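So the structure is just underneath, and the comments pick up after that.
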Amino acid sequence: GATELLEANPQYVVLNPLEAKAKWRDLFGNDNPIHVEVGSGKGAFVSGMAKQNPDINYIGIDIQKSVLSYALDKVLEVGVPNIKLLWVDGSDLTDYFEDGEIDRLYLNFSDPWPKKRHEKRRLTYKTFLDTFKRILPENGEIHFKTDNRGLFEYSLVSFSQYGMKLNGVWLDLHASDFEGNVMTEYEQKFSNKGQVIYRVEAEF
């Protein structure tokens with residue numbers, strides 16, 4: 001009963017856009033910046049980020065209620081106020097956020113959709129970029145990390161062709177002096193493998 005667990009926990013989980021869009025600051029109860037992760041899996045990333053950064057409000061977003069319920073288990077345990085989980089029903093994120101309502105966007109290990117005919121499904125494809133540009137402020141940024149070389153190669157070109165500026169590029173994240181990295185479950189699971197992790201900060 002994924003849907004059941006989510007519904008019993010409205011202090012953390014948002015289920016319908018009507019009670020979200022333009023209302024996120026009211027929902028958190030302060031004007032702290034709102035940073036969103038799209039495709040938040042089982043919540044290790046948003047949880048670890050909320051802990052590192054008490055004065056930032058995080059929203060973990062997933063299309064699947066099942067996996068969001070696992071994120072909830074993690075979020076309930078931590079018990080900190082600067083997180084919320086959002087179930088999205090398939091619509092554009094503009095149904096859930098007003099233009100400029102969020103401050104930064106995170107994409108972690110997003111589905112690569114390697115087949116050419118599935119380009120449109122990649123979260124770094126231009127129609128998703130249109131949506132992200134709207135919901136972020138002017139000069140708003142996407143911070144994107146993945147171990148998928150093909151996806152990262154594609155996304156650098158997609159970002160650039162769209163007209164975004166690349167502010168930083170990491171081609172071996174774990175080997176760099178980058179600090180504050182919070183690993184996803186996937187990232188943990190495979191840390192022992194030691195394959196390079198790619199990262200970029202891109203700006204609209």
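Chain identifiers are assigned as A, B, and so on, following the order in which chains appear in the structure tokens; residues are numbered from 1 within each chain, and ligands are numbered from 1 in order of appearance.
Within 12 Å of residue 116 of chain A, once only C-alpha atoms are used and residues closer than 4 positions along the same chain are dropped, the contacting residues are residues 112, 120, 121, 122, 125, 150, 151 and 154 of chain A.
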Can I get the residues of segment 88-141 of chain A within 8 Å of segment 158-175 of chain A, each with the closest pair of atoms and their distance in Å to one decimal, using only C-alpha atoms, sorted chain first then ascending number, as a tab-separated table?
```
residue	atom	partner	partner_atom	distance
A:124	CA	A:158	CA	6.7
A:125	CA	A:158	CA	6.4
A:126	CA	A:162	CA	6.7
A:129	CA	A:162	CA	7.9
```
Dump as JSON lines the rows for residues of segment 102-181 of chain A within 10 Å of segment 44-58 of chain A: closest atom pair and distance in Å with one decimal, only C-alpha atoms counted, ordered by chain and rising residue number.
```
{"residue": "A:102", "atom": "CA", "partner": "A:57", "partner_atom": "CA", "distance": 9.7}
{"residue": "A:103", "atom": "CA", "partner": "A:56", "partner_atom": "CA", "distance": 9.8}
{"residue": "A:104", "atom": "CA", "partner": "A:58", "partner_atom": "CA", "distance": 9.7}
{"residue": "A:105", "atom": "CA", "partner": "A:58", "partner_atom": "CA", "distance": 9.9}
{"residue": "A:106", "atom": "CA", "partner": "A:46", "partner_atom": "CA", "distance": 9.6}
{"residue": "A:108", "atom": "CA", "partner": "A:45", "partner_atom": "CA", "distance": 8.6}
{"residue": "A:180", "atom": "CA", "partner": "A:52", "partner_atom": "CA", "distance": 7.8}
{"residue": "A:181", "atom": "CA", "partner": "A:49", "partner_atom": "CA", "distance": 8.7}
```
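In terms of minimum interatomic distance to residue 82 of chain A, A:28 ranks closest within A:113, A:96, A:28, A:198, counting only C-alpha atoms.
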> Taking the backbone alone, and naming residues the way the document does, which bits of chain A are helix (DSSP H, G or I) by DSSP, as a count of residues only?
Replying inline: 81
